[PDB]
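> Have a look at this one.
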Amino acid sequence: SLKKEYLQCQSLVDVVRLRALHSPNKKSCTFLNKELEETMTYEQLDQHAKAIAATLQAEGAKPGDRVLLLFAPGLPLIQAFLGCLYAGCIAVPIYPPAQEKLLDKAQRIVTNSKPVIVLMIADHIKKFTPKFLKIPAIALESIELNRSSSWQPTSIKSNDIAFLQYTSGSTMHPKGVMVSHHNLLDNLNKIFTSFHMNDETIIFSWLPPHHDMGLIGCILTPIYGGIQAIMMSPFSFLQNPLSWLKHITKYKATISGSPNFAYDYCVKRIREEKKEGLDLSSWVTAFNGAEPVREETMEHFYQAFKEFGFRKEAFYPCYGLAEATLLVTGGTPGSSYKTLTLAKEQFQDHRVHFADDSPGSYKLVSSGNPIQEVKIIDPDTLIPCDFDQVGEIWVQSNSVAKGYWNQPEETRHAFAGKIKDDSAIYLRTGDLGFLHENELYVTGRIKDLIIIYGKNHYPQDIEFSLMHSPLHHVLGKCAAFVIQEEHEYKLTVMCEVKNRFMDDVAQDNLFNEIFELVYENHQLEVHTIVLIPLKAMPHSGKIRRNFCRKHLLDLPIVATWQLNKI
Ligand SMILES: CCCCCCCCCCCC(=O)OP(=O)(O)OC[C@H]1O[C@@H](n2cnc3c(N)ncnc32)[C@H](O)[C@@H]1O
């Protein structure tokens, strides 16, 4: 548990200063690049932060100013994040754009947040420019540690905004969640406590470090709690899922996790023979959150790795979202997570229709107990639902964020939930679910998810990615779309292939390359890939798309790949 002197700090900045004073040589973060290891102690993080803050100050940045960070995974960008905080500037972490000229998302973020400076690694100054989208750019490599002594401390307030975190999927009109210093520490504390962390905790992570779980859970929480973080890049996991498990083994990581898909992805790609040497016994919490959590995924993963020390006990479903900083519900670590079986037909008043383990039934996994206050509320009447009745998940706590940057009206729709009639104020999540036995079961979204993929232009942009990647040389036309399938949504990609007789080796190689490309460009996961003969698609990307959708439902297929199927 955190010592009192750390609990008493009013910002993450003061926490880091204090750990740098009291345990300067304690190792904090380790970043892995292939076989290479780079490490950073509290003393080093603190010194780099000061040097970085000093530079921002010398360049004319004032408290409250936004500073953009091209978040290449690594220690430098972590240093940059703290450096912003040390200067009282609002950090704005973004995924560095996958392709040099595909900058639209970054541009929208730049226009929204209006940063005065952007920080990035030397390799990116090259790729991207000095100015980046009209914003003056500074290479992190150029900030000399000598500058540290010139840092002038600011007077940070609890309610001051520490950083913006842009939601995962509002790409056409990005929402920058405003996370205050008080928000951040409240959620870090709930994470450290709820996950039963201690002095010996070791967190391993490959997750995108610029937002939600990969930032708040896997970097800021360890730094806050005085425990080790060990990390590699998402690209590394995507290219070789096995590395996740090899690193947990070598480092004896105790806590690591991911969205649900990643457990399936290990099952799908890791062959029996390659598992030799794995020892997952140290892994006591394997958290599963950020998307719908599936029993089948976890059962599959458990049987694929139980012979290598993985315990089903370790699986930890959890629920949260950026507007609530991060963690909202979660269970007790080491406990078996619960499931419920629902009948095929549900009730129109959204009450829950349970079934015996009937023949059209389906299972929902619990995302745990409310860590933040959770109320299930009717999104139309604003009247509380009964238990075992689906309504909107409303959240209330000190972790609830301050709004969406520079968006008063959009903020009004999400952050000003009032129950009829009476008094508290709630975040409205957009999410549907029900409480049962004080466990939250998330059931879906208010917004039709097909209609939301369509709004962010995902299928269209994914088709473009495929056509503009080197994968094009072996394909014909392609189509991406979301199909709703027995209580699940699946992102489906289908491609004409030049060689209808490529072997099983080529098939698998191609499936893997397509999954990796779509994650690289969109950090989205394809659930189903369909291969078909050249010319099989009609000579509109729209009528082209709807043909693929309609005839998959009722054609010539060369091969099908399904992420969650063994
Ligand atoms: C130390 C480890 C700590 C890490 C702690 C982990 C706990 C929090 C992880 C989630 C953070 C989040 O995904 O952020 P975002 O705003 O980008 O999207 C949020 C949205 O995604 C969905 N969603 C999240 N969970 C879900 C779940 N269980 N079931 C089904 N849907 C889930 C919702 O639709 C939701 O509104």
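All residue names refer to the structure tokens as shown: chains lettered A, B, ... in order, residues numbered from 1 in each chain, ligands numbered from 1 in order.
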Show me which residues are within 8 Å of ligand 1 counting only C-alpha atoms and all ligand atoms, and format the list as number ranges by chain.
A: 166-169, 191-192, 195, 203, 211-214, 216-218, 221, 255-257, 259, 287-293, 317-323, 326-330, 366-367, 429-431, 441-445
> For stretch 310-316 of chain A, please output as a ChimeraX atom specification all residues within 12 Å (counting only C-alpha atoms; exclusion window: fewer than 2 positions along the same chain).
/A:194-196,245,248-249,254-260,263,275,278-289,293-295,297-308,318-319,329-338,365-369
> Residues near residue A:3, anyone? I mean within 10 Å using only C-alpha atoms, not counting same-chain ones fewer than 3 positions away, as an mmCIF file with N, CA, C and O atoms, in the first residue's frame.

```cif
data_model
loop_
_atom_site.group_PDB
_atom_site.id
_atom_site.type_symbol
_atom_site.label_atom_id
_atom_site.label_comp_id
_atom_site.auth_asym_id
_atom_site.auth_seq_id
_atom_site.Cartn_x
_atom_site.Cartn_y
_atom_site.Cartn_z
ATOM 1 N N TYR A 6 3.065 9.712 0.278
ATOM 2 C CA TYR A 6 2.686 9.748 -1.138
ATOM 3 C C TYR A 6 1.187 10.012 -1.305
ATOM 4 O O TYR A 6 0.783 10.721 -2.214
ATOM 5 N N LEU A 7 0.377 9.470 -0.396
ATOM 6 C CA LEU A 7 -1.047 9.722 -0.410
ATOM 7 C C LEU A 7 -1.314 11.206 -0.212
ATOM 8 O O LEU A 7 -2.294 11.740 -0.719
ATOM 9 N N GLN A 8 -0.415 11.888 0.490
ATOM 10 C CA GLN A 8 -0.648 13.285 0.827
ATOM 11 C C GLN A 8 -0.297 14.224 -0.329
ATOM 12 O O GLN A 8 -0.661 15.383 -0.298
ATOM 13 N N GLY A 225 2.777 4.425 -7.900
ATOM 14 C CA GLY A 225 2.815 3.474 -6.800
ATOM 15 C C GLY A 225 4.191 2.995 -6.389
ATOM 16 O O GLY A 225 4.316 2.239 -5.436
ATOM 17 N N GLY A 226 5.238 3.435 -7.077
ATOM 18 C CA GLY A 226 6.579 2.972 -6.728
ATOM 19 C C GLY A 226 6.864 1.518 -7.060
ATOM 20 O O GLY A 226 7.619 0.842 -6.358
#
```
> Which one of A:560, A:549, A:468, A:64 sits closest to residue A:507 if you count only C-alpha atoms?
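With only C-alpha atoms as the atom set, the closest residue is A:560.
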> Return the single residue from A:114, A:186, A:2, A:219 that is closest to residue A:73, with distances computed using only C-alpha atoms.
A:219
> Neighbouring residues of stretch 529-538 of chain A were defined as those with any atom within 6 Å, considering only C-alpha atoms; residues of the same chain fewer than 5 positions away were excluded. Please report them as a PyMOL selection string.
chain A and resi 476+492-498+500+557-561
> Using atom CA of residue A:459 and atom CA of residue A:481 as the two end points, give the distance in Å to one decimal.
5.4 Å
> DSSP on the backbone: what in stretch 288-483 of chain A comes out strand (DSSP E), as JSON, numbers by chain?
{"A": [288, 315, 316, 317, 318, 319, 320, 327, 328, 329, 330, 339, 340, 341, 342, 362, 363, 364, 365, 369, 370, 373, 374, 375, 376, 377, 391, 392, 393, 394, 395, 396, 427, 428, 429, 430, 431, 432, 433, 434, 435, 436, 439, 440, 441, 442, 443, 444, 445, 475, 476, 477, 478, 479, 480, 481, 482, 483]}
> Would you kindly return, as a ChimeraX atom specification, each protein, DNA or RNA residue with an atom no farther than 7 Å from any atom of stretch 76-79 of chain A, considering only C-alpha atoms and excluding same-chain residues fewer than 3 positions away?
/A:45,48-49,71-73,82-83
> How close does each residue of stretch 421-494 of chain A get to stretch 380-384 of chain A, giving the shortest atom pair and distance in Å to one decimal for every residue with an atom at most 12 Å away, counting only C-alpha atoms, sorted by chain and residue number, as a tab-separated table?

```
residue	atom	partner	partner_atom	distance
A:421	CA	A:383	CA	7.7
A:422	CA	A:383	CA	9.5
A:426	CA	A:382	CA	11.2
A:428	CA	A:382	CA	10.5
A:434	CA	A:384	CA	11.1
A:435	CA	A:384	CA	11.5
A:446	CA	A:380	CA	10.9
```
> Take the residues that were just selected and, keeping N, CA, C and O atoms, output them as a PDB file, in the first residue's frame.

```pdb
ATOM      1  N   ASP A 421     -36.473  12.493 -10.271  1.00  0.00           N
ATOM      2  CA  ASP A 421     -36.147  13.891 -10.095  1.00  0.00           C
ATOM      3  C   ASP A 421     -35.254  13.854  -8.873  1.00  0.00           C
ATOM      4  O   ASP A 421     -35.678  13.396  -7.813  1.00  0.00           O
ATOM      5  N   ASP A 422     -34.010  14.291  -9.022  1.00  0.00           N
ATOM      6  CA  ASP A 422     -33.054  14.199  -7.929  1.00  0.00           C
ATOM      7  C   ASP A 422     -32.891  12.751  -7.477  1.00  0.00           C
ATOM      8  O   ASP A 422     -31.850  12.368  -6.940  1.00  0.00           O
ATOM      9  N   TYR A 426     -23.902  13.318 -12.981  1.00  0.00           N
ATOM     10  CA  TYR A 426     -23.379  12.032 -13.443  1.00  0.00           C
ATOM     11  C   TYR A 426     -22.801  12.108 -14.835  1.00  0.00           C
ATOM     12  O   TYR A 426     -23.300  12.851 -15.684  1.00  0.00           O
ATOM     13  N   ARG A 428     -22.781  10.299 -18.259  1.00  0.00           N
ATOM     14  CA  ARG A 428     -23.566   9.361 -19.050  1.00  0.00           C
ATOM     15  C   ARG A 428     -22.620   8.692 -20.049  1.00  0.00           C
ATOM     16  O   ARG A 428     -22.032   9.349 -20.873  1.00  0.00           O
ATOM     17  N   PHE A 434     -26.708  -3.858 -17.091  1.00  0.00           N
ATOM     18  CA  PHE A 434     -27.599  -4.013 -15.946  1.00  0.00           C
ATOM     19  C   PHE A 434     -26.786  -4.430 -14.734  1.00  0.00           C
ATOM     20  O   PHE A 434     -25.740  -5.051 -14.882  1.00  0.00           O
ATOM     21  N   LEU A 435     -27.261  -4.069 -13.546  1.00  0.00           N
ATOM     22  CA  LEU A 435     -26.643  -4.553 -12.306  1.00  0.00           C
ATOM     23  C   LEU A 435     -27.313  -5.839 -11.823  1.00  0.00           C
ATOM     24  O   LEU A 435     -28.536  -5.989 -11.907  1.00  0.00           O
ATOM     25  N   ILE A 446     -25.830   2.568 -26.662  1.00  0.00           N
ATOM     26  CA  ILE A 446     -27.051   3.231 -27.065  1.00  0.00           C
ATOM     27  C   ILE A 446     -26.977   3.446 -28.588  1.00  0.00           C
ATOM     28  O   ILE A 446     -27.914   3.117 -29.329  1.00  0.00           O
TER      29      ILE A 446
END
```
